[PDB]
Structure formats: C-alpha cells, structure tokens
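Comments concern the structure below.
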Amino acid sequence: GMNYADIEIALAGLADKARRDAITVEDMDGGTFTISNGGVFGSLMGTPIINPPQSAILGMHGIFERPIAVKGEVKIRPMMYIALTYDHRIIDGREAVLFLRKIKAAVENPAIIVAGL
Amino acid sequence: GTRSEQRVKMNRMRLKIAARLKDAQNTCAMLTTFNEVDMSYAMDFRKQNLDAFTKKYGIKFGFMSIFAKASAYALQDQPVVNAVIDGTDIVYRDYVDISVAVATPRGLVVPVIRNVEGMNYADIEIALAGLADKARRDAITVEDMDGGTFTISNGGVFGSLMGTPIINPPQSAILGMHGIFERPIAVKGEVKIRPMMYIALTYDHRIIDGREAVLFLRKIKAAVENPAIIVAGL
Amino acid sequence: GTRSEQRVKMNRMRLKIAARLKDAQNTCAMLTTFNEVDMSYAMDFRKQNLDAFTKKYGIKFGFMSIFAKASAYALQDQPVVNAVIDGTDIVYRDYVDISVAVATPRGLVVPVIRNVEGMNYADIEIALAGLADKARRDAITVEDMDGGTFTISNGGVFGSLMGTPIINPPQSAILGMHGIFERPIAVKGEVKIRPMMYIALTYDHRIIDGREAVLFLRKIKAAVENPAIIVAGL
Amino acid sequence: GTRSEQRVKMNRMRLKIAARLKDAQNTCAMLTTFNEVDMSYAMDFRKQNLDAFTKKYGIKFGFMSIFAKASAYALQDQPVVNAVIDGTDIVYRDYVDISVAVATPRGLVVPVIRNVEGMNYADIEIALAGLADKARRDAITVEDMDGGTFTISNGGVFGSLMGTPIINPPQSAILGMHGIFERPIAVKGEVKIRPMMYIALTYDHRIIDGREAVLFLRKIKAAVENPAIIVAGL
C-alpha cells in the first residue's frame with residue numbers, strides 16, 4: 001500500500017542510515033522478495049542464489065541497446081534482462097512464468113498495476 | 001398553425017427535483033471552468049485490454065472508470081474539493097463516494113459508488129455494473145441516494161461538446177465529461193489528428209478557489225492522459 | 001487622471017428590461033451547452049441560390065432562415081423544449097413562434113415570427129423582412145411583443161465566438177448563433193479548412209433535461225449541416 | 001474507507017468573501033462571452049524587448065501590461081463598460097482603475113492600479129511591481145482595496161483554458177485571461193501552428209448590452225493581436 005515516492009522515501013532513509021552506519025538488527029530479516037541490484041554494475045544475465053527466509057529473488061540487470069523487431073519492423077529499443085530464481089518445492093514453473101510475464105507487463109506498462117490484471 | 005393548448009399536470013417528483021435544483025442554485029455559487037483531455041492512450045489501453053478484462057473479470061468496461069479513479073485520486077490529494085458547507089461549518093472528508101448518474105425507466109436515478117479511493121478499475125466496474133443491474137429490474141433503494149462527494153455525470157454517450165452542469169446537493173464539485181470528437185491538434189511541433197473530449201468543472205467559489213479548481217482540473221487531465229501518474233503520486 | 005463623476009439618470013425602460021431579466025434569472029435555471037456546426041454546405045447553397053431567390057421572390061436572404069426552419073423542425077419533433085411553467089402547470093404547445101431580435105433606433109426591439117412550422121425559407125424571409133421594414137419607420141406594435149417560444153438571437157453579425165444568452169420570458173430555450181470563423185477541422189481522416197460557427201443553448205433544467213437539450217442541439221446541428229434531414233423526417 | 005469526519009471552523013473573512021460573492025451574484029446578472037487572441041506578435045515583441053526594458057527600467061515584465069493597457073484603451077473609448085448601478089443611478093466614469101488579483105500568504109489580496117489610462121507599459125509594470133513588493137512584506141493597506149472599474153484576474157500562470165469569473169463589486173465587467181496553449185490555426189488559407197489563449201468577459205446585462213460586450217471583446221482582441229491600434233485610435 002505504498003506509492004513510488006513513498007518507496008523512494010523509505011529506500012533513501014535506509015540508505016542514509018547506511019551512510020553514517022546506523023543499520024540495526026531488527027531490519028535484517030522478514031523479507032519476502034528481493035530486487036537485488038545488478039544493474040548499476042553492468043551485468044547482462046545472472047542467477048542469484050536464493051537467500052533465507054524468502055523463496056523467490058528477482059535480480060534486475062543493466063540496460064543495454066538491442067534493435068528489437070516490434071510491429072513488423074526493426075527498431076532500436078533499450079531493454080534489460082531479468083532473472084527469477086525460484087524454489088520448485090513451492091513455486092511451480094507455470095507460476096513463475098506467469099509471475100515473470102506479469103512483472104514484464106507491469107514494468108513495460110505501469111497502468112496495469114491500477115488496472116488490476 | 002393551430003391555437004390549441006392543453007392543461008397537462010405533472011407529478012410531485014418533477015417539482016421535487018425542480019425545487020431541489022432551485023435551492024441548489026440559490027445556495028451554491030455557479031462557477032465553471034473547462035479543459036481538454038487527450039484520450040488516444042485510453043483508446044490504445046482499452047483496445048489492448050478489452051479481452052484481458054473480459055477473460056479475467058467477466059464484465060464489459062468502458063470510458064468511465066478511468067475518469068472515476070482519476071477523480072478519486074484528485075479528491076484524495078486535494079481534500080477541500082470534496083468539502084461542503086452545512087450552515088457555518090466546513091466538513092473535510094477523507095472518504096470519497098462518486099455519485100454517478102444512470103438512466104432508469106422512471107427518469108434519471110443517481111446511484112452512488114461507495115469507498116472508491118482504495119478500489120481498482122475492475123472493482124469500480126463491478127460496483128457500477130451491479131448498480132446498473134439493480135436499476136435494470138428497478139431495485140434501487142433509498143440508502144444509496146445520498147452521501148455523494150463528486151459526480152462524473154455522463155454526457156458523453158449522448159453527444160455533447162461543452163456543458164455547465166448544475167451543482168447538486170450535498171456535494172460541491174461536479175465534473176461533466178463529454179463526447180469524444182476528432183480535432184487535429186498540434187503536438188510536438190506538427191499537426192496530428194488526435195481524438196480529444198472536453199471536460200467541465202462547476203465548482204463553488206465559497207469553498208473551492210479558482211486556483212484550486214484549475215490545478216484540480218489539470219491534475220485530472222494529466223491523470224487521464226497518463227494513468228501512471230496515479231501510482232506515481234503527483 | 002481626473003476624479004470627475006456625474007449623476008446621469010436613465011429611463012424607465014432600462015429598469016423594465018433590468019428587472020425583467022432579474023426575475024427571469026431568479027425564476028428560470030441558468031444552464032447551457034454548446035456545439036459546432038459546419039456551414040460549408042450552407043455557403044455553397046447560398047452561393048448557388050442567391051440569384052435564384054433574388055429573381056423568384058425579390059428579396060435578399062442570409063444566414064438566418066436555415067437556423068430558423070431547423071429550430072422549427074426540432075421544436076415540432078421534440079415538443080417539451082417549447083413548453084414552459086406558469087405556476088404549477090406545463091403548457092405543451094403545437095404552434096411555434098420564433099422570437100427574433102433586431103436593432104431599432106431606441107434600442108433592441110424583439111419582433112416575433114408567427115406560425116413558422118408550416119413555412120418555407122422564402123416565406124420566413126418575407127415575414128422577417130416585413131418585420132424589419134416595420135422597424136425601419138418605427139411601426140412595431142405591442143401585439144407582436146409576446147408569445148414567442150424560441151429565440152435565434154443574432155450574435156453572428158457582430159463577431160462573437162461563444163456566448164451564454166439569458167433566458168427571457170415567456171419561453172424556455174434560446175439558441176444564440178454566433179459568427180462564422182475559420183478552423184482547420186479533421187474530417188475523413190485528414191486536415192481540411194472548413195468554416196464553422198459555434199452555437200449555444202441555454203435551457204431550463206426544470207423542464208428540459210440535459211439529454212433532451214443535447215439531442216436537440218445535435219438534431220439542429222444535423223439539420224443545418226444537411227438540410228435534407230428536415231424533409232427526411234429524423 | 002473510514003467514516004471519519006471533523007468539525008473544523010473557518011475564519012470570519014471566509015464568510016466575508018462568501019457573502020460578498022453571494023450578494024454580487026444576487027445583484028448583478030451573470031452573463032459571459034469568450035474569444036480567442038493571437039499572441040505570436042506578443043511573443044516576438046517580448047522576445048525582442050526583454051533586454052531593452054531590463055536595461056532601461058530595471059524591472060522584469062511579462063504578459064499582463066499588454067492586456068492591461070488594451071483594456072484601459074477599450075474602457076476609454078467605450079465608457080459604459082466601466083459604469084455601474086448604485087440603486088437607481090448610473091455612474092459614468094472617465095478615470096479607470098484596473099483591479100488586479102495577486103497572491104498573498106493569507107489568501108488572495110486584490111491591489112488596484114490607479115490612473116491607468118495615461119500610463120505606459122513600463123509605468124504599469126512599475127506600479128504592479130510596487131504593489132507586489134508591498135504584498136511581499138505584507139504592507140497592503142485598506143485604501144487600495146476599492147474603486148476598481150475593471151479586472152484582469154490572472155488565470156494564465158496557473159493553467160486554465162476557459163473560465164467564467166464571478167463579477168465582484170463595485171465594478172461591472174471582468175476579463176479573465178487564460179493560459180497560452182498550442183493550436184494549429186488556419187490563417188491566410190493554410191494551416192499554421194500559432195499559440196493562442198482564450199479570453200473571458202463576464203458582463204452585467206443590466207448595463208452592458210451584448211453588442212457592447214461583443215464589440216468590446218473584439219476591440220481588445222485587435223488591440224492585443226496588434227498593439228499599433230492603441231496609438232492608431234480605433
């Protein structure tokens with residue numbers, strides 16, 4: 001229940017707490033998902049190891065230039081690859097594939113998140 | 001070319017709505033402003049998600065929930081537009097209930113969508129289709145006839161271009177959306193044919209200032225032209 | 001930069017029209033809507049039938065009878081637009097009398113065209129030219145000052161673009177036509193410069209509903225853009 | 001989705017402006033007309049004389065004195081627009097004082113520019129910048145709160161397109177200028193993208209006739225599109 005700017009406020013507050021080394025112990029657990037940044041450093045693909053106590057980790061990657069065929073003609077559109085390392089004991093392959101397609105549709109078009117798909 | 005007249009007598013309810021709008025005009029201050037909203041992104045979004053919403057939620061959607069959710073956002077981030085005057089008191093409200101006009105066999109009944117701010121497109125369409133289905137077999141009750149804070153009175157399906165809809169109690173601002181036409185608008189330095197539609201905003205000057213209504217209408221225009229603003233938080 | 005003021009006293013008739021429009025605004029509900037009407041077919045029709053009407057009927061015609069006959073048709077096929085309220089009664093009327101404004105040396109006198117529904121273009125121009133000729137040597141009587149059901153108040157020769165004309169008694173809807181300008185409108189998928197002119201419709205909400213006025217204005221727009229509709233029966 | 005309301009009490013001045021505009025609407029007759037004004041010559045003139053006015057007079061100018069001096073000219077050559085009714089008297093005035101709205105920390109205070117008819121662009125900007133500087137450290141007095149005959153209420157910096165500003169006492173006509181947008185207008189037989197901005201004119205029908213306001217708005221449109229008319233004498 002938290003907008004873009006509120007998420008940036010929380011993330012900038014946590015980074016500012018890490019700036020003067022004020023990171024506590026109570027904010028070190030309880031995470032359910034991970035958007036581990038590998039994009040600022042310049043990766044293209046990756047397979048990030050699942051860390052406890054969660055069950056799926058999406059490692060976003062750096063934005064590069066690839067001339068993708070869209071609408072029947074060649075156009076240079078900057079994309080970036082994503083990863084999803086998921087446990088097979090609970091997340092099925094269908095579940096993770098639809099999950100990744102839904103995140104792809106939500107990031108390519110951010111009207112889906114208020115549309116409810 | 002005949003000098004023939006008759007003495008037809010109307011019903012009580014016609015005098016009821018007539019005296020209601022007369023007291024509404026004699027109480028509120030009539031004051032309007034207009035703007036133009038691009039709808040081409042809404043055309044593309046509906047054309048790409050028609051089958052998606054049909055296969056996911058089962059009902060048909062069109063042209064109203066985009067304006068409704070944008071208005072709900074603009075009332076949440078500007079809470080004096082929903083506030084009214086009851087004597088010598090101003091009632092700021094956090095909850096917003098959009099008062100929607102729809103046709104009924106007796107006339108024009110006005111059902112109200114409840115708790116619209118934390119409510120998606122498809123849920124708003126579910127509530128509106130439920131209210132229209134209740135109006136289909138004439139099951140509209142009395143408890144859903146009041147409490148509205150805003151109005152997206154439909155004048156678009158009927159074919160208007162501009163309008164100045166009268167402020168009805170107990171709310172304080174009514175946006176009358178209009179029909180989508182074709183106008184070749186200059187965008188990015190060249191002439192392009194983009195289908196727009198004009199909007200209206202008849203707002204009381206006793207509580208909503210002109211700056212407030214102008215920024216309100218610009219924010220709704222930005223929210224309907226680009227529906228990423230509503231999750232962006234502007 | 002002088003602090004000089006004077007004490008000029010007006011006449012009784014200025015207070016008469018002032019109190020008349022004040023009681024008209026305090027009785028009727030002020031409520032407007034607008035639309036745009038293509039006039040290029042009217043330009044071609046007048047340019048091809050100027051000498052025809054001149055050699056057949058002897059008088060000069062322009063820009064008003066097209067709007068008058070279309071309004072007469074739209075009042076014949078929608079008879080609640082002409083109806084008014086006198087206390088607690090609604091007077092549906094089959095006869096329609098267009099109340100036309102024209103200039104006079106004293107001010108603005110308003111002659112009324114009688115029995116306009118069964119009356120062609122050239123006959124309407126004959127009646128209007130006769131009323132203007134009666135106003136030329138100041139022969140306007142009292143019996144042609146009331147009974148009007150509609151008004152095509154001319155604001156087009158003077159150069160307006162939009163307007164919201166005040167409802168005057170004893171009618172209930174007034175269409176103020178405006179001046180013809182140049183706007184490059186997108187028609188049939190490409191940009192074309194077609195001269196249009198905006199129209200107005202200030203209608204009481206106590207008797208004319210918004211749906212009624214919107215369909216009324218669309219029907220007049222279709223009747224003036226294409227004058228075959230008036231014999232077609234739509 | 002909470003049923004939470006509060007009982008916030010406003011100040012005396014909000015009721016003061018509310019009752020003032022209520023008595024203004026109940027006294028004057030609400031009646032508007034609009035037009036469109038080309039601003040490309042104003043764009044070129046400001047872009048060529050920015051450094052000239054900066055190096056000659058020392059202050060920064062924009063978008064308001066052109067409309068102010070044109071309105072002063074149109075009130076000097078049409079002296080019934082400035083005249084009002086105080087009971088049963090019409091007060092023709094030769095002096096004109098434009099009543100200008102500007103923002104203040106408490107709300108919206110309205111300083112008045114005095115003796116604007118014999119007063120150039122740079123002198124009007126000197127007076128307006130002095131009044132805004134007086135409003136900066138909150139030095140607005142009571143003697144400059146009345147006596148205004150016209151109003152160029154700014155709705156252009158905030159982003160409106162049309163508006164119908166309420167007539168405030170003790171004047172009788174208020175022109176609300178609006179924001180400059182981009183519209184590809186047909187001029188000289190071809191389509192050209194020229195930035196215009198719409199204007200408003202809400203005028204009492206008790207003293208200003210519709211012909212008077214239409215010619216008044218056309219004269220201001222010609223004076224702002226071409227500022228050689230104001231020395232030409234039309």
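As shown in the structure tokens, the chain order sets the letters A, B, ...; within each chain, residues go from 1, and ligands are also counted from 1 in the order they appear.
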Closest atom pairs, residues of chain D within 9 Å of chain C, only C-alpha atoms, as CSV:
```
residue,atom,partner,partner_atom,distance
D:26,CA,C:26,CA,8.7
D:27,CA,C:22,CA,8.5
D:28,CA,C:22,CA,8.5
D:29,CA,C:22,CA,7.0
D:30,CA,C:166,CA,8.6
D:31,CA,C:164,CA,6.3
D:32,CA,C:164,CA,6.0
D:33,CA,C:163,CA,4.4
D:34,CA,C:162,CA,5.2
D:35,CA,C:161,CA,5.6
D:36,CA,C:161,CA,8.2
D:88,CA,C:9,CA,7.7
D:89,CA,C:9,CA,5.8
D:90,CA,C:8,CA,6.2
D:91,CA,C:7,CA,6.4
D:92,CA,C:5,CA,6.6
D:93,CA,C:5,CA,5.6
D:94,CA,C:4,CA,7.0
D:95,CA,C:1,CA,5.7
D:96,CA,C:1,CA,8.2
D:114,CA,C:1,CA,8.5
D:115,CA,C:1,CA,5.3
D:116,CA,C:1,CA,8.1
D:117,CA,C:1,CA,7.5
D:118,CA,C:1,CA,7.2
D:184,CA,C:184,CA,7.9
D:185,CA,C:183,CA,6.3
D:186,CA,C:184,CA,5.5
D:187,CA,C:182,CA,7.8
D:189,CA,C:193,CA,7.7
D:190,CA,C:193,CA,7.7
D:191,CA,C:184,CA,6.8
D:205,CA,C:18,CA,7.5
D:206,CA,C:18,CA,4.9
D:207,CA,C:18,CA,8.2
D:210,CA,C:155,CA,8.0
D:211,CA,C:158,CA,6.8
D:214,CA,C:160,CA,5.8
D:215,CA,C:158,CA,7.0
D:217,CA,C:160,CA,8.4
D:218,CA,C:159,CA,7.2
```
Please write the residues from the selection above to a file, keeping C-alpha atoms, as a PDB file, in the first residue's frame.
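Saved to again16.pdb:
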```pdb
ATOM      1  CA  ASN D  26     -27.755  38.086  -6.396  1.00  0.00           C
ATOM      2  CA  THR D  27     -27.316  41.714  -7.531  1.00  0.00           C
ATOM      3  CA  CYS D  28     -25.503  41.511 -10.875  1.00  0.00           C
ATOM      4  CA  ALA D  29     -26.610  39.320 -13.772  1.00  0.00           C
ATOM      5  CA  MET D  30     -24.193  36.528 -14.668  1.00  0.00           C
ATOM      6  CA  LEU D  31     -23.535  36.614 -18.417  1.00  0.00           C
ATOM      7  CA  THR D  32     -20.384  35.691 -20.316  1.00  0.00           C
ATOM      8  CA  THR D  33     -18.802  35.616 -23.755  1.00  0.00           C
ATOM      9  CA  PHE D  34     -15.443  34.354 -24.991  1.00  0.00           C
ATOM     10  CA  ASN D  35     -12.965  34.956 -27.796  1.00  0.00           C
ATOM     11  CA  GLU D  36      -9.500  33.870 -28.904  1.00  0.00           C
ATOM     12  CA  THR D  88     -31.250  53.993  -9.325  1.00  0.00           C
ATOM     13  CA  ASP D  89     -28.185  55.779 -10.709  1.00  0.00           C
ATOM     14  CA  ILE D  90     -25.641  55.010 -13.436  1.00  0.00           C
ATOM     15  CA  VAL D  91     -22.152  56.366 -12.730  1.00  0.00           C
ATOM     16  CA  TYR D  92     -20.231  57.029 -15.926  1.00  0.00           C
ATOM     17  CA  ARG D  93     -16.554  57.457 -15.046  1.00  0.00           C
ATOM     18  CA  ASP D  94     -13.701  58.886 -17.102  1.00  0.00           C
ATOM     19  CA  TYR D  95     -10.975  57.574 -14.795  1.00  0.00           C
ATOM     20  CA  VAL D  96     -10.230  53.850 -14.990  1.00  0.00           C
ATOM     21  CA  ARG D 114      -4.533  53.863 -10.106  1.00  0.00           C
ATOM     22  CA  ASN D 115      -4.908  56.121 -13.190  1.00  0.00           C
ATOM     23  CA  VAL D 116      -4.031  53.539 -15.822  1.00  0.00           C
ATOM     24  CA  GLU D 117      -5.284  55.319 -18.964  1.00  0.00           C
ATOM     25  CA  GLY D 118      -2.435  57.838 -19.304  1.00  0.00           C
ATOM     26  CA  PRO D 184      -2.760  24.890 -35.291  1.00  0.00           C
ATOM     27  CA  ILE D 185      -4.964  27.664 -36.640  1.00  0.00           C
ATOM     28  CA  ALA D 186      -5.912  28.165 -40.286  1.00  0.00           C
ATOM     29  CA  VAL D 187      -4.623  31.621 -41.230  1.00  0.00           C
ATOM     30  CA  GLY D 189      -5.775  29.789 -46.292  1.00  0.00           C
ATOM     31  CA  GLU D 190      -3.209  27.360 -44.850  1.00  0.00           C
ATOM     32  CA  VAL D 191      -2.701  25.563 -41.548  1.00  0.00           C
ATOM     33  CA  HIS D 205     -26.821  42.671 -18.878  1.00  0.00           C
ATOM     34  CA  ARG D 206     -28.424  45.430 -16.804  1.00  0.00           C
ATOM     35  CA  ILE D 207     -25.980  47.995 -18.215  1.00  0.00           C
ATOM     36  CA  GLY D 210     -24.476  42.046 -25.712  1.00  0.00           C
ATOM     37  CA  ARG D 211     -23.492  44.144 -28.735  1.00  0.00           C
ATOM     38  CA  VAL D 214     -19.002  41.693 -28.228  1.00  0.00           C
ATOM     39  CA  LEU D 215     -17.522  44.838 -29.817  1.00  0.00           C
ATOM     40  CA  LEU D 217     -14.031  41.933 -26.716  1.00  0.00           C
ATOM     41  CA  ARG D 218     -13.279  42.241 -30.441  1.00  0.00           C
TER      42      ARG D 218
END
```
Could you give me, as a PyMOL selection string, the residues within 10 Å of residue 82 (chain C), counting only C-alpha atoms and dropping anything in the same chain fewer than 2 positions from it?
chain C and resi 74-76+78-80+84+91-97+148-150+170-174+207-208
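Distances to residue 101 (chain D) were evaluated for D:77, D:201, D:153, D:143 using only C-alpha atoms, and the minimum falls at D:153.
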Secondary structure check, strand (DSSP E or B) residues of region 36-234 of chain B, as a PyMOL selection string: chain B and resi 36-38+84-85+90-91+93+98-99+102-104+107-109+112-113+150-151+162-163+173-174+183-187+190-194+196-203
Residues from last step as file, N, CA and C atoms, as a tab-separated table (two decimals), in the first residue's frame:
```tsv
chain	number	residue	atom	x	y	z
B	36	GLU	N	-9.28	20.36	-21.94
B	36	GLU	CA	-9.31	19.32	-22.95
B	36	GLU	C	-8.34	18.21	-22.57
B	37	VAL	N	-8.77	16.96	-22.75
B	37	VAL	CA	-8.02	15.79	-22.32
B	37	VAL	C	-7.80	14.87	-23.52
B	38	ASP	N	-6.55	14.51	-23.77
B	38	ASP	CA	-6.25	13.52	-24.80
B	38	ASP	C	-6.71	12.15	-24.35
B	84	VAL	N	-17.92	20.53	1.93
B	84	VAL	CA	-19.10	21.36	1.69
B	84	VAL	C	-19.34	22.27	2.89
B	85	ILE	N	-20.42	23.05	2.82
B	85	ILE	CA	-20.82	23.95	3.90
B	85	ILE	C	-22.22	23.53	4.35
B	90	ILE	N	-17.47	23.65	7.82
B	90	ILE	CA	-16.85	23.03	6.65
B	90	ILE	C	-16.48	21.61	7.03
B	91	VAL	N	-16.96	20.64	6.25
B	91	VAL	CA	-16.80	19.22	6.58
B	91	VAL	C	-15.76	18.65	5.62
B	93	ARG	N	-13.68	15.65	4.43
B	93	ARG	CA	-13.92	14.22	4.45
B	93	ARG	C	-12.76	13.49	3.81
B	98	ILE	N	-18.30	8.63	-5.27
B	98	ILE	CA	-18.65	9.25	-6.53
B	98	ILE	C	-20.12	8.99	-6.82
B	99	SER	N	-20.87	10.06	-7.07
B	99	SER	CA	-22.31	10.00	-7.30
B	99	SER	C	-22.54	9.96	-8.81
B	102	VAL	N	-27.27	7.53	-14.03
B	102	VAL	CA	-27.57	6.48	-14.99
B	102	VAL	C	-29.07	6.51	-15.26
B	103	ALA	N	-29.47	6.03	-16.43
B	103	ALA	CA	-30.87	6.07	-16.83
B	103	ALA	C	-31.68	4.96	-16.16
B	104	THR	N	-32.93	5.28	-15.87
B	104	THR	CA	-33.92	4.36	-15.32
B	104	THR	C	-35.21	4.60	-16.08
B	107	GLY	N	-37.06	7.85	-15.08
B	107	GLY	CA	-36.37	9.12	-15.20
B	107	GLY	C	-34.87	8.96	-15.20
B	108	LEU	N	-34.19	9.66	-14.30
B	108	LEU	CA	-32.74	9.55	-14.13
B	108	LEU	C	-32.46	9.37	-12.64
B	109	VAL	N	-32.22	8.12	-12.22
B	109	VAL	CA	-31.87	7.81	-10.84
B	109	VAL	C	-30.35	7.91	-10.71
B	112	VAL	N	-24.84	5.72	-6.11
B	112	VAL	CA	-23.56	6.19	-5.58
B	112	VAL	C	-22.63	5.00	-5.39
B	113	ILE	N	-21.40	5.13	-5.89
B	113	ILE	CA	-20.36	4.14	-5.64
B	113	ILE	C	-19.70	4.45	-4.31
B	150	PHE	N	-18.77	13.63	-5.20
B	150	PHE	CA	-18.33	14.03	-6.53
B	150	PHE	C	-19.23	13.36	-7.55
B	151	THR	N	-19.19	13.87	-8.78
B	151	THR	CA	-20.10	13.40	-9.82
B	151	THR	C	-19.41	13.43	-11.18
B	162	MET	N	-19.66	20.84	-25.05
B	162	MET	CA	-19.45	21.56	-23.80
B	162	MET	C	-20.74	21.56	-22.99
B	163	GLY	N	-20.59	21.80	-21.69
B	163	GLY	CA	-21.73	21.84	-20.79
B	163	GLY	C	-21.32	22.42	-19.46
B	173	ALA	N	-18.58	19.90	-6.12
B	173	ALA	CA	-17.91	19.99	-7.42
B	173	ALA	C	-18.35	18.81	-8.28
B	174	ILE	N	-18.72	19.10	-9.52
B	174	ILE	CA	-19.27	18.11	-10.45
B	174	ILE	C	-18.54	18.24	-11.78
B	183	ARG	N	-10.27	16.22	-33.47
B	183	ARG	CA	-9.68	17.54	-33.65
B	183	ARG	C	-8.19	17.39	-33.94
B	184	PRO	N	-7.68	18.01	-35.01
B	184	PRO	CA	-6.28	17.81	-35.41
B	184	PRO	C	-5.29	18.68	-34.66
B	185	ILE	N	-4.85	18.21	-33.49
B	185	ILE	CA	-4.14	19.06	-32.55
B	185	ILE	C	-2.65	19.11	-32.85
B	186	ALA	N	-2.07	20.30	-32.72
B	186	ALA	CA	-0.63	20.48	-32.86
B	186	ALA	C	0.06	19.93	-31.63
B	187	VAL	N	0.78	18.83	-31.80
B	187	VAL	CA	1.59	18.23	-30.74
B	187	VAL	C	3.01	18.04	-31.28
B	190	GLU	N	4.13	19.60	-34.85
B	190	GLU	CA	3.47	19.26	-36.10
B	190	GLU	C	2.00	18.93	-35.84
B	191	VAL	N	1.22	18.99	-36.91
B	191	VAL	CA	-0.23	18.79	-36.81
B	191	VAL	C	-0.53	17.29	-36.83
B	192	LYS	N	-1.26	16.83	-35.82
B	192	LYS	CA	-1.65	15.43	-35.74
B	192	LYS	C	-3.11	15.32	-35.31
B	193	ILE	N	-3.84	14.40	-35.92
B	193	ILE	CA	-5.25	14.20	-35.62
B	193	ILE	C	-5.33	13.28	-34.41
B	194	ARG	N	-5.63	13.86	-33.25
B	194	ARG	CA	-5.79	13.11	-32.02
B	194	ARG	C	-7.19	13.31	-31.46
B	196	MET	N	-9.80	14.06	-28.96
B	196	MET	CA	-9.99	14.51	-27.59
B	196	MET	C	-11.47	14.61	-27.24
B	197	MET	N	-11.70	15.07	-26.02
B	197	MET	CA	-13.02	15.31	-25.47
B	197	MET	C	-12.90	16.36	-24.38
B	198	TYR	N	-13.83	17.31	-24.38
B	198	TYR	CA	-13.77	18.40	-23.42
B	198	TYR	C	-14.33	17.95	-22.08
B	199	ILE	N	-13.86	18.61	-21.01
B	199	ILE	CA	-14.36	18.34	-19.67
B	199	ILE	C	-14.86	19.64	-19.07
B	200	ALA	N	-15.68	19.50	-18.03
B	200	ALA	CA	-16.25	20.63	-17.32
B	200	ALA	C	-15.98	20.46	-15.83
B	201	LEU	N	-16.06	21.58	-15.11
B	201	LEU	CA	-15.88	21.56	-13.66
B	201	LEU	C	-16.63	22.75	-13.08
B	202	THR	N	-17.84	22.51	-12.59
B	202	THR	CA	-18.65	23.57	-11.98
B	202	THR	C	-18.49	23.49	-10.47
B	203	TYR	N	-17.80	24.48	-9.92
B	203	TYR	CA	-17.31	24.44	-8.55
B	203	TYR	C	-17.76	25.68	-7.80
```
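For residue 91 (chain A), the non-local neighbours within 9 Å, defined as residues at least 4 positions apart in the same chain or in other chains and counting only C-alpha atoms, are residues 55, 56, 86, 87, 95 and 96 of chain A.
What chain A places within 8 Å of chain B, counting only C-alpha atoms, is residues 3, 4, 5, 110, 111, 113, 114, 115, 116 and 117 of chain A.
Taking CA of residue 133 (chain B) and CA of residue 54 (chain B) as the two end points, the separation is 17.6 Å.
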| said: Residues within 12 Å of residue 41 (chain A), please, as a VMD selection string. Count only C-alpha atoms; anything in the same chain fewer than 6 positions from it doesn't count. | reply: chain A and resid 60 to 63
